[PDB]
Amino acid sequence: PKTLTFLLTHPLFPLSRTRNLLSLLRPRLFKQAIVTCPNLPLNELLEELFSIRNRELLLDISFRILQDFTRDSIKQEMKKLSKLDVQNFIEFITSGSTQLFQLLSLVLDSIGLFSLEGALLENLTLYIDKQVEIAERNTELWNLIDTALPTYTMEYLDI
Amino acid sequence: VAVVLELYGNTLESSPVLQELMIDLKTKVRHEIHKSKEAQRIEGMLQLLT
Amino acid sequence: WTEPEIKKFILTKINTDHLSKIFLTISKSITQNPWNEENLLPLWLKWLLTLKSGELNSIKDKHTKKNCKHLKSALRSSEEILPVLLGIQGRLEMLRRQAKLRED
Amino acid sequence: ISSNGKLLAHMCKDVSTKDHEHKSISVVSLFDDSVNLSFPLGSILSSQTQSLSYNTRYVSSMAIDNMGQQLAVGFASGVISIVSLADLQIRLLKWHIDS
Amino acid sequence: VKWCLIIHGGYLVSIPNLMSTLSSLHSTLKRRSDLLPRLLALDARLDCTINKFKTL
Amino acid sequence: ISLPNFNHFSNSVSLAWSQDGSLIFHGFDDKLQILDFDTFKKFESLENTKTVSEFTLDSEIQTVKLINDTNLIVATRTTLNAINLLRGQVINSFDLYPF
RNA sequence: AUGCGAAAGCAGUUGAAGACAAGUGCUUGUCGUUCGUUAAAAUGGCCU
């Protein structure tokens with residue numbers, strides 16, 4: 001739809017479809033929506049993030065949300081999330097970047113204190129510790145890329 | 001320390017007195033970076049209490 | 001090329017350029033896989049840089065400096081992302097200590 | 001121009017057209033025809049400023065005595081060169097580092 | 001300071017004003033933590049020199 | 001204070017302040033906000049009459065002022081707009097992208 | 001080194017004629033000279 005891609009292209013987009021267009025679009029139009037849309041509801045954003053459809057829309061929606069939105073509000077909405085897909089997401093993360101790590105830190109702060117199990121946390125800590133090792137190695141590499149006594153001599157020349 | 005290490009590497013490999021000081025300086029910065037690396041963990045930990 | 005003493009040896013031999021093309025394969029590979037787990041290829045790069053950077057600086061102008069800037073951007077992004085890794089690592093330390101206290 | 005108003009002194013490039021040494025200094029009286037002097041910078045310089053950078057060849061300030069016997073040139077490298085105009089010979093005053 | 005936050009996290013969450021109650025601590029940790037990368041660069045160039053001269 | 005940690009950066013910001021010390025117009029690029037001063041958070045309404053705290057305009061906002069507590073005057077990179085505070089609605093528009 | 005952009009950086013740029021000086025018609029180098037484009041050196045440092 002050229003008309004709908006144009007009304008995406010347009011900056012201002014008042015109330016109605018910007019309220020509920022994800023129920024209408026949920027491929028290519030959705031990609032144009034995720035790269036550009038003025039107003040998007042955080043619930044819809046986070047539900048897409050933890051939707052396991054996973055066309056690197058993870059990376060894209062994570063970028064969109066941590067660009068436009070504020071961390072305290074992100075905290076309360078990830079608190080209003082449901083824990084089972086949170087396990088799904090953290091399990092997927094330790095399976096297998098800036099926006100992604102920002103999101104992992106945020107959901108850790110959102111869950112807080114209580115409900116984290118032994119296998120999950122040991123797996124997470126091994127993952128992040130191996131990545132800290134290789135990350136610091138790469139940073140030191142980055143710095144690297146940023147960087148009289150002939151008292152007696154016996155020789156000969158060619159004459 | 002960065003700019004003197006930039007300049008005088010020839011005299012470094014020539015002279016033994018400084019080779020003493022550079023190895024200890026290798027410890028202290030590595031000692032200091034471990035201190036400031038632990039600093040961030042305790043700062044982010046306090047973010048979890050908010 | 002597996003052991004680093006061998007790598008210093010092969011660097012002395014290859015410095016006796018084809019080392020520049022060695023740098024080229026290393027550079028393309030690094031900028032195509034920055035979070036690599038292996039401890040040989042960045043070992044190659046760090047040891048090349050800390051051994052014979054001078055003729056690498058003075059060899060050419062185009063073929064090396066393009067992908068030089070490429071991997072430079074890559075690893076600068078990594079150094080941006082380091083401190084939140086420290087923060088997450090601190091939070092995981094906190095949660096491990098709390099679950100341990102819940103046990104004891 | 002002199003400070004009393006009687007004299008004017010300037011440069012020329014016709015001795016570039018007529019010589020290896022490019023510039024020619026002239027100084028002329030105004031209301032009477034008392035003084036009319038002309039000499040090339042290729043004489044007024046040393047020879048030891050030949051084999052150096054162009055900076056010590058670039059005259060950047062000019063001044064004359066009121067009576068008409070001293071001429072001060074100021075180089076682009078921080079040297080004040082004064083020529084007594086009788087035998088047209090020099091003396092150096094070295095303090096500056098910029099022009 | 002590691003062990004204090006392990007235990008009394010309940011009452012710390014209970015108070016609102018974390019920042020103004022822990023003003024000094026927040027400042028000092030900010031100090032060391034954002035000092036870090038200059039130390040990183042210096043360590044790197046130091047180790048480059050170190051290997052370069054004590055390999056030969 | 002109020003420090004969000006946004007990883008997008010506008011070179012162009014502005015802000016303006018009500019005369020009764022209460023309404024802080026924080027203009028980032030393209031999306032204005034009106035905040036109550038006393039908590040530095042968005043103006044949360046119980047009335048919800050489409051004078052909502054967050055505004056979206058066309059392009060990057062250059063300068064906002066309020067001439068009284070009756071009109072907010074906003075200038076973006078292409079136009080200039082004059083908006084009421086009595087009601088969440090634009091009033092006057094002026095095209096400038098020639099100049 | 002210009003354009004864009006956030007303090008990241010992201011792309012590109014470094015080309016012509018002239019005239020002269022030196023070494024031996026030839027090579028380099030220089031420019032108080034023009035076109036075309038988004039383009040370190042003369043021991044000489046601060047008043048009372």
# chains A, B, ... in the order shown; residues from 1 in each chain; ligands from 1

$ residues_around --residues "range 35-46 of chain E" --least-positions-apart "4" --cutoff "8 Å" --atoms "only C-alpha atoms (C1' of nucleotides)" --output "list in words"
residues 140, 143, 144 and 147 of chain A; 1, 2, 5, 26, 29, 30, 33, 36 and 37 of chain B; 31 and 50 of chain E

$ residues_around --residues "residue 11 in chain F" --least-positions-apart "6" --cutoff "12 Å" --atoms "only C-alpha atoms (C1' of nucleotides)" --output "PyMOL selection string"
(chain F and resi 27-30+60-62) or (chain G and resi 5-7)

$ atom_distance --atom1 "CA of residue 51 in chain D" --atom2 "CA of residue 84 in chain D"
25.0 Å

$ closest_atom_pairs --of "chain C" --to "chain B" --cutoff "10 Å" --atoms "only C-alpha atoms" --output "tab-separated table"
residue	atom	partner	partner_atom	distance
C:83	CA	B:40	CA	7.3
C:84	CA	B:44	CA	8.3
C:85	CA	B:41	CA	9.3
C:86	CA	B:41	CA	5.8
C:87	CA	B:44	CA	4.6
C:88	CA	B:44	CA	7.3
C:89	CA	B:41	CA	6.6
C:90	CA	B:41	CA	3.9
C:91	CA	B:45	CA	5.2
C:92	CA	B:45	CA	8.7
C:93	CA	B:41	CA	8.3
C:94	CA	B:45	CA	6.7
C:95	CA	B:45	CA	9.5

$ write_last_selection --atoms "C-alpha atoms" --output "PDB file, in the first residue's frame"
ATOM      1  CA  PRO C  83      30.070  -1.027  31.312  1.00  0.00           C
ATOM      2  CA  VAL C  84      26.527  -2.344  31.116  1.00  0.00           C
ATOM      3  CA  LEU C  85      28.092  -5.795  31.002  1.00  0.00           C
ATOM      4  CA  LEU C  86      29.766  -4.865  34.275  1.00  0.00           C
ATOM      5  CA  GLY C  87      26.403  -3.711  35.632  1.00  0.00           C
ATOM      6  CA  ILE C  88      24.617  -6.931  34.727  1.00  0.00           C
ATOM      7  CA  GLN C  89      27.514  -8.886  36.195  1.00  0.00           C
ATOM      8  CA  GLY C  90      27.103  -6.996  39.451  1.00  0.00           C
ATOM      9  CA  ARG C  91      23.366  -7.697  39.535  1.00  0.00           C
ATOM     10  CA  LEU C  92      23.989 -11.398  39.014  1.00  0.00           C
ATOM     11  CA  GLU C  93      26.449 -11.300  41.890  1.00  0.00           C
ATOM     12  CA  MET C  94      23.726  -9.724  44.039  1.00  0.00           C
ATOM     13  CA  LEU C  95      21.145 -12.357  43.168  1.00  0.00           C
TER      14      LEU C  95
END

$ residues_around --residues "residue 72 in chain F" --least-positions-apart "5" --cutoff "8 Å" --atoms "only C-alpha atoms (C1' of nucleotides)" --output "JSON, numbers by chain"
{"F": [64, 65, 66, 67, 82, 83, 84, 85]}

$ write_last_selection --atoms "N, CA and C atoms" --output "compact mmCIF listing (two decimals), in the first residue's frame"
# COMPACT_ATOMS: atom_id res chain seq x y z
N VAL F 64 10.93 27.31 21.48
CA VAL F 64 9.61 27.51 22.06
C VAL F 64 9.71 28.68 23.02
N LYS F 65 8.64 29.46 23.09
CA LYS F 65 8.45 30.45 24.13
C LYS F 65 6.99 30.36 24.53
N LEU F 66 6.62 31.06 25.60
CA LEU F 66 5.21 31.33 25.86
C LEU F 66 5.09 32.84 25.98
N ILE F 67 4.14 33.43 25.25
CA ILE F 67 4.08 34.89 25.31
C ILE F 67 3.32 35.34 26.53
N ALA F 82 1.64 28.60 16.33
CA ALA F 82 1.15 29.25 17.54
C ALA F 82 -0.02 28.44 18.07
N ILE F 83 0.10 27.97 19.32
CA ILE F 83 -0.83 27.01 19.92
C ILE F 83 -1.39 27.61 21.21
N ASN F 84 -2.65 27.28 21.49
CA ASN F 84 -3.29 27.66 22.74
C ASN F 84 -2.78 26.81 23.89
N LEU F 85 -3.09 27.27 25.10
CA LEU F 85 -3.03 26.47 26.30
C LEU F 85 -4.40 26.23 26.90

$ residues_around --residues "residue 79 in chain F" --least-positions-apart "2" --cutoff "10 Å" --atoms "only C-alpha atoms (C1' of nucleotides)" --output "PyMOL selection string"
chain F and resi 58-59+61-62+74-77+81+93-99

$ write_last_selection --atoms "N, CA, C and O atoms" --output "PDB file, in the first residue's frame"
ATOM      1  N   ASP F  58       6.104  18.513  13.247  1.00  0.00           N
ATOM      2  CA  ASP F  58       6.594  18.027  11.960  1.00  0.00           C
ATOM      3  C   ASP F  58       8.064  17.615  12.028  1.00  0.00           C
ATOM      4  O   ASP F  58       8.401  16.437  11.850  1.00  0.00           O
ATOM      5  N   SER F  59       8.951  18.565  12.304  1.00  0.00           N
ATOM      6  CA  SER F  59      10.383  18.316  12.303  1.00  0.00           C
ATOM      7  C   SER F  59      11.013  18.806  13.601  1.00  0.00           C
ATOM      8  O   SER F  59      10.326  19.075  14.586  1.00  0.00           O
ATOM      9  N   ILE F  61      12.379  20.789  16.533  1.00  0.00           N
ATOM     10  CA  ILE F  61      11.937  22.047  17.119  1.00  0.00           C
ATOM     11  C   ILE F  61      13.141  22.926  17.379  1.00  0.00           C
ATOM     12  O   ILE F  61      14.099  22.507  18.038  1.00  0.00           O
ATOM     13  N   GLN F  62      13.090  24.157  16.899  1.00  0.00           N
ATOM     14  CA  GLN F  62      14.148  25.092  17.225  1.00  0.00           C
ATOM     15  C   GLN F  62      13.884  25.870  18.498  1.00  0.00           C
ATOM     16  O   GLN F  62      14.695  25.796  19.420  1.00  0.00           O
ATOM     17  N   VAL F  74       5.988  28.085  18.943  1.00  0.00           N
ATOM     18  CA  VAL F  74       6.967  27.050  18.645  1.00  0.00           C
ATOM     19  C   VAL F  74       7.496  27.276  17.236  1.00  0.00           C
ATOM     20  O   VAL F  74       6.742  27.659  16.336  1.00  0.00           O
ATOM     21  N   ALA F  75       8.797  27.084  17.059  1.00  0.00           N
ATOM     22  CA  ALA F  75       9.449  27.207  15.766  1.00  0.00           C
ATOM     23  C   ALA F  75      10.255  25.948  15.499  1.00  0.00           C
ATOM     24  O   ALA F  75      11.186  25.633  16.252  1.00  0.00           O
ATOM     25  N   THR F  76       9.890  25.239  14.440  1.00  0.00           N
ATOM     26  CA  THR F  76      10.612  24.072  13.972  1.00  0.00           C
ATOM     27  C   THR F  76      11.462  24.439  12.771  1.00  0.00           C
ATOM     28  O   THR F  76      11.590  25.605  12.397  1.00  0.00           O
ATOM     29  N   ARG F  77      12.029  23.407  12.153  1.00  0.00           N
ATOM     30  CA  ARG F  77      12.994  23.605  11.085  1.00  0.00           C
ATOM     31  C   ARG F  77      12.339  23.967   9.763  1.00  0.00           C
ATOM     32  O   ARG F  77      13.047  24.187   8.778  1.00  0.00           O
ATOM     33  N   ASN F  81       4.553  27.784  14.446  1.00  0.00           N
ATOM     34  CA  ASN F  81       3.204  27.462  14.880  1.00  0.00           C
ATOM     35  C   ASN F  81       2.898  28.194  16.177  1.00  0.00           C
ATOM     36  O   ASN F  81       3.792  28.408  17.004  1.00  0.00           O
ATOM     37  N   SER F  93      -0.585  28.845  11.788  1.00  0.00           N
ATOM     38  CA  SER F  93       0.510  28.187  11.095  1.00  0.00           C
ATOM     39  C   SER F  93       1.150  29.145  10.102  1.00  0.00           C
ATOM     40  O   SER F  93       0.462  29.934   9.451  1.00  0.00           O
ATOM     41  N   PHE F  94       2.471  29.055   9.966  1.00  0.00           N
ATOM     42  CA  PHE F  94       3.166  29.906   9.017  1.00  0.00           C
ATOM     43  C   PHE F  94       4.283  29.124   8.346  1.00  0.00           C
ATOM     44  O   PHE F  94       5.144  28.565   9.027  1.00  0.00           O
ATOM     45  N   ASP F  95       4.258  29.105   7.016  1.00  0.00           N
ATOM     46  CA  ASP F  95       5.236  28.382   6.213  1.00  0.00           C
ATOM     47  C   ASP F  95       6.518  29.194   6.083  1.00  0.00           C
ATOM     48  O   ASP F  95       6.472  30.392   5.787  1.00  0.00           O
ATOM     49  N   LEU F  96       7.668  28.539   6.291  1.00  0.00           N
ATOM     50  CA  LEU F  96       8.961  29.210   6.240  1.00  0.00           C
ATOM     51  C   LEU F  96      10.019  28.484   5.432  1.00  0.00           C
ATOM     52  O   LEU F  96      11.081  29.068   5.189  1.00  0.00           O
ATOM     53  N   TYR F  97       9.770  27.247   5.011  1.00  0.00           N
ATOM     54  CA  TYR F  97      10.790  26.468   4.313  1.00  0.00           C
ATOM     55  C   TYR F  97      11.320  27.076   3.018  1.00  0.00           C
ATOM     56  O   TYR F  97      12.307  26.540   2.489  1.00  0.00           O
ATOM     57  N   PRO F  98      10.716  28.104   2.418  1.00  0.00           N
ATOM     58  CA  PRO F  98      11.536  28.963   1.567  1.00  0.00           C
ATOM     59  C   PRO F  98      12.793  29.440   2.258  1.00  0.00           C
ATOM     60  O   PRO F  98      13.898  29.181   1.771  1.00  0.00           O
ATOM     61  N   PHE F  99      12.664  30.074   3.417  1.00  0.00           N
ATOM     62  CA  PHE F  99      13.796  30.810   3.957  1.00  0.00           C
ATOM     63  C   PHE F  99      14.687  29.922   4.812  1.00  0.00           C
ATOM     64  O   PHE F  99      15.848  29.684   4.469  1.00  0.00           O
TER      65      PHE F  99
END

$ closest_atom_pairs --of "chain A" --to "chain B" --cutoff "9 Å" --atoms "only C-alpha atoms" --output "Markdown table"
| residue | atom | partner | partner_atom | distance |
| --- | --- | --- | --- | --- |
| A:108 | CA | B:48 | CA | 8.0 |
| A:109 | CA | B:48 | CA | 5.3 |
| A:110 | CA | B:48 | CA | 8.4 |
| A:112 | CA | B:48 | CA | 6.3 |
| A:113 | CA | B:48 | CA | 8.0 |

$ write_last_selection --atoms "N, CA and C atoms" --output "JSON list (two decimals), in the first residue's frame"
[["chain", "number", "residue", "atom", "x", "y", "z"],
["A", 108, "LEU", "N", 16.35, -7.48, 34.00],
["A", 108, "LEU", "CA", 16.89, -7.88, 35.29],
["A", 108, "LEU", "C", 16.45, -6.91, 36.38],
["A", 109, "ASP", "N", 16.52, -5.61, 36.08],
["A", 109, "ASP", "CA", 16.05, -4.63, 37.04],
["A", 109, "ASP", "C", 14.53, -4.69, 37.23],
["A", 110, "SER", "N", 13.80, -5.14, 36.21],
["A", 110, "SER", "CA", 12.35, -5.20, 36.33],
["A", 110, "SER", "C", 11.91, -6.35, 37.22],
["A", 112, "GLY", "N", 13.84, -7.77, 39.49],
["A", 112, "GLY", "CA", 14.16, -7.37, 40.83],
["A", 112, "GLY", "C", 14.86, -8.43, 41.66],
["A", 113, "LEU", "N", 14.20, -8.80, 42.76],
["A", 113, "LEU", "CA", 14.85, -9.48, 43.86],
["A", 113, "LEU", "C", 14.50, -10.96, 43.97]]

$ atom_distance --atom1 "CA of residue 20 in chain A" --atom2 "CA of residue 45 in chain F"
21.8 Å

$ atom_distance --atom1 "CA of residue 46 in chain D" --atom2 "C1' of residue 44 in chain G"
16.9 Å

$ interface_residues --of "chain D" --to "chain G" --cutoff "9 Å" --atoms "only C-alpha atoms (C1' of nucleotides)" --output "list in words"
residues 20, 48, 49, 52, 53, 54, 56, 58, 77, 78, 79, 94, 95, 96 and 97 of chain D
